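Dropping the structure in here first, questions after.
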Amino acid sequence: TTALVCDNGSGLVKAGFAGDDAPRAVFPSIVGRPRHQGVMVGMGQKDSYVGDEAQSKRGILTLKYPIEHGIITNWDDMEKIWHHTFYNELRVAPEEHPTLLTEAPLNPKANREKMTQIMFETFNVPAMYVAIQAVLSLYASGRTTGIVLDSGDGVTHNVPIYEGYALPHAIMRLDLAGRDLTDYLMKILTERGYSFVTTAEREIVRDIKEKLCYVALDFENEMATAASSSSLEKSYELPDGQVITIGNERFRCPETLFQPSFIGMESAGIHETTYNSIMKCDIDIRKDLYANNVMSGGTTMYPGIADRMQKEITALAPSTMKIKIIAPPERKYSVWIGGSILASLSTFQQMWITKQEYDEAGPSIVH
Amino acid sequence: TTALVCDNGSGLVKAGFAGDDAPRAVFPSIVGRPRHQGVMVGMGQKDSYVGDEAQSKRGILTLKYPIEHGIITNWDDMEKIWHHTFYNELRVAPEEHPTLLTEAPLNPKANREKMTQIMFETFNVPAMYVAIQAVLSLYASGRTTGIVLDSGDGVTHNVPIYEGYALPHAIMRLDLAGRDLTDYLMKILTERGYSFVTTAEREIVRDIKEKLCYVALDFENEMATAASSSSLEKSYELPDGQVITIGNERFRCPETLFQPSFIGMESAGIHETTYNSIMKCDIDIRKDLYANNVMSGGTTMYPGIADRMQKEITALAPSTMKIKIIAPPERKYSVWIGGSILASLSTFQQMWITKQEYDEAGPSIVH
Amino acid sequence: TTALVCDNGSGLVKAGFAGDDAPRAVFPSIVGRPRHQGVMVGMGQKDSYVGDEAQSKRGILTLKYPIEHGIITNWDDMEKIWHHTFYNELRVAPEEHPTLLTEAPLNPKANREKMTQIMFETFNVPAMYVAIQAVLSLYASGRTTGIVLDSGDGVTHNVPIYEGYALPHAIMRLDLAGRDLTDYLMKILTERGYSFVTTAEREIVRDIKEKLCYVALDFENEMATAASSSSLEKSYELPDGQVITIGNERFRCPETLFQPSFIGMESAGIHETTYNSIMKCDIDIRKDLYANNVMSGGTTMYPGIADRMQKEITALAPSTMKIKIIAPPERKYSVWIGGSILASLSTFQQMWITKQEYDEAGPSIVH
Amino acid sequence: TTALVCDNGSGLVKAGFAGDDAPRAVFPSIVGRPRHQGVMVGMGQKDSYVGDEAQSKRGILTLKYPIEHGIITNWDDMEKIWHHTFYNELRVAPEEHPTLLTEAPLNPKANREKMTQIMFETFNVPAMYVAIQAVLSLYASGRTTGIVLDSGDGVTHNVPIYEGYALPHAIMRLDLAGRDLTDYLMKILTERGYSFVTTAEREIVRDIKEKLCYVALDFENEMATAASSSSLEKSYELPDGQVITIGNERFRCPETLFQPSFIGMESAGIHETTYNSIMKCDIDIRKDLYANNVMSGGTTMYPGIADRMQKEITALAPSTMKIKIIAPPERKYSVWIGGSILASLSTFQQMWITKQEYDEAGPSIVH
Amino acid sequence: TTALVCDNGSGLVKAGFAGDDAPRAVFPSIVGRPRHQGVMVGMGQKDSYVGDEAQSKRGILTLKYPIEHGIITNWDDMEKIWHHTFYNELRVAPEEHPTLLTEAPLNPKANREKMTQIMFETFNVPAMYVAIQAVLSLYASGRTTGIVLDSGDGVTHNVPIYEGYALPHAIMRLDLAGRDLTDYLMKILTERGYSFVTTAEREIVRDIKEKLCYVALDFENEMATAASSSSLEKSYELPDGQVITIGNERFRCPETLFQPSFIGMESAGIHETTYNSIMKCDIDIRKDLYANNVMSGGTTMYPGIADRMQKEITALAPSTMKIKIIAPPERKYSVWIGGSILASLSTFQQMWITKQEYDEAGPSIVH
């Protein structure tokens, strides 16, 4: 019977069978719809495109992320991506597997309840479970204690975890993420003259960000040395064939995680939020958290991030103590891996919510 | 029941039954009327001649193109060519077939509405459809994606088409075409002393253009080598028996498509309009358009055209990317072929406008 | 009711009933008046003689052609020849037949109007019509397209005709004809000593011309070979019994048609005027005219004419194309035959000008 | 010493002395160059025409906007318009005045730096300043708080401003403007048969737009009532003397600001961008912005615009709160007025960039 | 040094020194050659006569226009008229003056190159220039903008000129002119019985045309009133002493300019060609052209022409706008005057083609 593990973040769906090393289907959470009413016969007609297929045809389509900052915005679009996921990639009847789904912490109750309702009623599932992302990543690490920073496309979290357990009062979410950074890279990019106005172009700049951008160790020194352009400008080539050259924009895009004032947010940088989260925890356990802080998610993938974190958190925390930061490679799939390994635990098998139990207890029992 | 496919361009009517490889009736859109009041008895009297028959007797007749730059100028003349077409070549009662008609994009609304009105009221037709030329040519290519350059006698278009669909905001029409080029060849030809003042003589120079003229790869180099006349002068023989020798006029006639400043137009050459049309399209799809650009129509028939296009568009577009130009032989009949194949599609059968539906909905439903 | 066809050229009247192969009455247009006041009793008295009767008595009479170069010179004389024609040869009341009359193209308006006035008022005719000669000859040919050269006694024409119709702007008349040639043969003949001063003798030299004169293929070569007189001198016998021997005068008389400089006219030869007439026509139709050029009239009867025409026109026109000259035997009566066949066409019956229509519309309606 | 205030937008330069009610020189930003090489002697020769002078002679000239979407495209052309501006209209040595220049927000850095370089090096200026347009318009309003929508010929902005200050993260620019609307009015106008292909004709249609076009309160209802043409068709007269009659094209041209899908852009209408800009601002201040939203620029001049804005923004925003829209007359000159009043403030006198300060600090100090 | 201005049109040479009010030598371009080989001793012998001298002796000579429809037909004849012009009227060594020559627009390249070759090689000239006629006439007007209609003996032009400059694509030539009109007056004149067959008589009818013929305001009304002959018949006296009376032929001769169908040409009347030329020009400038249309040349000299033009062009053009026609007296010499004034401009002195520059650059540099 095994299980399905579906990691539904903004920007990417990662899904696959439990007990495996990596997700088989990994595609963008997008629902493409034709921008221009098309006059042909035999075409499509394909009123709605989804996932990688939508990526193939961006210049026709308006791309629409169904899920924004972890919150589901458009429910039938989400349903569409699930249906496509199950039948067109994993090729499976949901009635044959229990399904573990994912969600961000501190996330409105409507997502869990609606989600489960869909999984039971529209797809028919024997049993399912919805899990907090950071815990899954911590399992992926193979560790029981630590503070997880999970930055995906929608949202960034800090969840401190001690010896199992958890500290809900110290959990801190922050809407800064690949989507916010891509938009910021948009408007900063436009100062070189390169105008990317459209949803489809947003995905191009996402690609630019993913390849070229890095996190500087020291910001203003790097900005100073951007004066005499040497290695800092890099050439990137668009799908059109045009050449973009980007210098300080390469590293000032991700600087926004440390300085959210660039987007005009008062929220403290990710280092201050991790630090702050540690502060909120009991005096006894802070040393372990500082030692053991973990990173997850696509927005942790910028080269340089861990080193800057180690500088900044060390600058905030008492110097007498060791702050090791653990950011393993393959960290973008940590959540999914966590899901897999959890589904492979027998002790967890009692915790699935059964179809019948949902039917008799109602929606309130997901929590 | 089959269908009729009528391609009504300026200069030539191509018409025939659907599902066939080529149009059966192909004759000039001309309405000849005697210039000189003729004194005989038993003659004609034949107040109006039409089509090839008018071609047979040019020296008596004033030839009159009913259709100018795609726009219908003289409606009863057009009606005459249709009536002659149906009864004297295709030999068919229009009440027995649905009829697919053609038109240029971006063309005044009066042509569709009046045209349909005539087809329903004067001829009686069970159902009909009016189609954009470039789409038909694209079907003739057997392809779904590409940018069509269709240069006929009246008008030249660029219509970009992606994966079916269409981009109306990037559609670009241009009045440069076999008629404009024939007149330009007139006045340039007169510099050798050869005076062709009359409508009938215009058709002679059209013949000269069709046979002899070619498009140079590089213009000014060829003009330079015209200094020492070798292969560039060619002898042509008129119907009278006189011999014309034309050198640089051979290739400087079609150079006007690339340099409309020869006619005193500010419009950019056809290569700049194709390039410009590609620019107007979304950054994602431009690579396909550059790869896939298609040619149609009689004014694409000059030897050398495709090679010059490949030079010039390559000179405008980023060198990193492949610009294949597809100009198949039999391209002059691409539109008609496209019409045939579309009429042979069953999925299109729903889209005919029915006689009764027109009667109840009115003229506004053609669009 | 049938019709009468009256071909009134200078030198001969040809008249007869329509629908017949040849004119019944064919006699010279002459009005003889006694030169010498005659003293007898019972004689004549016959103050005016007309036609063949005048021919019978030339030595008494002064002969007077009423019609000169197609233009009527003396109206009552013309009336006399008509009256004699109708009552003394055709033996018919004009009130019983419509009457088709003939005239040269480009001929003063006074001839049509006066002529019609006479036919309606003096003779009483139910209806009549006046026709351009060359068209009648073209009907006689049984053809619709061609360029007619009609050389009679008064005038020579070229009228190009295409597919019915006509080209008035290319019609070319020329006063060179049997009368001019007979006078030229007079003065050239006098170099042998043979003096023919009188009107009556002019008719004798007309006979000489009609029998003996021929058109040389090459002129100056024939003149050279006239040096050694062999076949070129021929003996002719006058009515008196005297013998005339004429050598180069035989062929240099008709050479005047090709070289009007012999009479001191600047007008180009008949071959240049036919060629010139073709030039004036639209470039399209010239090939048909060159193929189809027709000959009519008494002054086309010289042996050798067609062959010289074929040489000379071929020398002027582009060699690439075939110039067939059609000069049928019985061509002297082509105009009359044409008239007959036209009168036998029913479609022409609407075009007669009725007595009453003339009465109410006036003289201006003949044109 | 006073100051010069130069508002350099696409389509119009507005310039004048500071502290005055209106700009003295207001002329189009165009650089006319003869299309046809002219053969006269004493003519011009005038290789380049500029401004209103170019407007005087459109039919000879190719008109060329030097500045496109706020971005300077052709630098020497811009220099030419400045030189003409200073010496031929304002009649002033730039060395005698500090000069305040204008620019759109979010505009490539090349414009500020190059612009300043030209002003200091080519013209010699004691000091200068470059200002964001929307702030100047807000000063023109005489108000400190509000959200400015400035639609010129090149670009449209939204800049929210609270109690002085500014919110750069909520600034939103959009390339929809009089130029885009004129081109759209071109292709929509061509459906009536009226073909305007040339740059010179573009200026004619700009005139049509400026006089006749209005913004409908409700779109599709007005389109429905366009069925029975009454007041909606209006006659306009071209400079040639021809009469154009335009019905629904009158109001569907400016509908593009609310529905950029007409041009094939995915960008939300101006009402959604203003609404969106308000959303991006802190929850506290939105009420003031909704109350206080200001309009500027030539493309705000369509009759009906404010009323439709009030409908649409009210439809998006919570009904409980008052949305006053302030669109004062003389709003096309708001930016220039703003510039004047700012230059008349003494407190601003410290902020000029001095010639010497530029010389020692370099180009980087403009920002 | 001054200059010579030689206006070489068909029918008349106008030549003189530059900077003068009128040409000194004005005589017909004819090369008379004796028709009849003359037997005297001491006579002539004068194998070739030229100009006014030939006019003195028409009845002996065959007159030969060397130049036909602007195109040089017979080069040595033209050379003869030039040589006679320089030595026998202007009495000048060409080596002492630069020489400005004239030619029709749109005229075969052979005329410029051969002409210049003769002027440099046969006559020896320090420098020369060949000019388009209509521009010269426009200078004669003292104006910079306008559309010139120049009708000479060979050819009629329309050249639109705006603010200096020129529009070559709107230049329209037409072979209708005093020569065509004189021949048409020939064949129409022959309907009264007056036969003029010879070149010498053609010049007589040219005189008739020049004195008597006028252009009717309304054609068919005047033809109707020709029914009752009052003032419309006028008596003219030939050099022989005979009296010609011509009625409707007086005004129907020049009606051919408005109705070229009289000669069997499909070309539109001169009013349609002026109107058509205006159409071809950019929409901006048409109002000036309509206001400013100029007339030049001998074939503009018919009384009534300007008024009929004003009627007909007003009937074609939109009524809302003023069509002033400027036809100054002395307009037959406008071209020559233009030439004079141009030669008197110092700015033009750079544009002469020098003997040496021709020698080193070749013939291709005349254009």
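Residue numbering begins at 1 within each chain, and the chains themselves are lettered A, B, C, D and E in the order written.
Please note the rule applied: a residue touches a chain if its C-beta (ideal position, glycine included) is under 8 Å from a C-beta of that chain, and two chains touch if they have at least 3 such contacts.
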Of A-B and A-D, whichever chain pair has more C-beta contact pairs: A-B
Distance between chain centroids, defined by C-alpha means - chain A, chain B (Å): 55
Centroid spacing, where centroids are CA-atom means, of chain B and chain D in whole angstrom: 41
Distance from chain E to chain A - Cα centre to Cα centre, in angstrom: 87
Residues of chain D touching at least two other chains: 36, 198, 264
Listing of all chain pairs that touch each other, if any do: A-B, A-D, B-C, B-D, B-E, C-E, D-E
Residue ranges of chain C in contact with chain E within the complex: 71, 106, 108-110, 167-170, 175, 261, 264-267
Residue numbers on chain D that touch chain B, as the complex places them: 35-36, 62, 187, 190-193, 195, 197-199, 263-264
Residue ranges of chain E touching chain D (in the complex, touch as defined): 132, 135, 144, 161-168, 281-287, 290, 317-321, 342, 345, 347-348, 351
Of chain B, residues touching chain C in the complex: 34, 36, 38-44, 57-60, 196, 198, 200-201, 204, 237-243
